[PDB]
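I have placed the structure first, in the form of structure tokens, so that the comments after it can refer back to it.
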4 protein chains.
Amino acid sequence: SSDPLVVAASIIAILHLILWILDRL
Amino acid sequence: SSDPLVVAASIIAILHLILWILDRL
Amino acid sequence: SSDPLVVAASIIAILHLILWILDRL
Amino acid sequence: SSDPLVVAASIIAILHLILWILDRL
Ligand SMILES: N[C@]12C[C@H]3C[C@H](C[C@H](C3)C1)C2
């Protein structure tokens with residue numbers, strides 16, 4: 001398993017790419 | 001748990017979304 | 001090991017650097 | 001212990017913030 005602060009920071013990263021891919025889209 | 005350079009890069013990522021969110025106000 | 005969301009976000013980031021060193025190689 | 005693709009992914013993270021403290025306030 002990974003640290004929680006880490007799983008958070010990633011979710012923040014994964015959601016960013018989405019809002020990007022919609023902003024662009 | 002999770003490797004510390006990986007807790008590092010994270011504290012930076014979260015803190016970054018903070019400064020940014022704040023940058024709008 | 002490290003959670004999957006983190007191995008996912010990471011692949012993005014490594015693939016992010018990749019899409020750069022090329023866009024400007 | 002975090003995945004390697006993840007420990008790597010974060011050197012390029014910690015290496016970004018560095019090029020940054022090296023540019024602006
Ligand atoms: N930008 C990221 C920092 C750290 C490593 C990787 C996954 C998470 C945690 C988000 C990219």
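No value in this document is a laboratory result; all are computed from the given coordinates. No Cβ is skipped: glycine too gets one built from the backbone with ideal geometry, and neighbour counts run over all protein chains shown.
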Problem set entry | Net charge, B:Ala9 excluded, C-beta distance under 12 Å - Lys, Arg +1, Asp, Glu -1 | -2
For this session: Express in % the proportion of alpha carbon pairs of the protein assembly as shown at distances exceeding 20 Å.
Result: 40
Problem set entry | Separation of the B:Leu17 and C:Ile12 label points, Cα + 7 Å toward Cβ, nm | 0.9
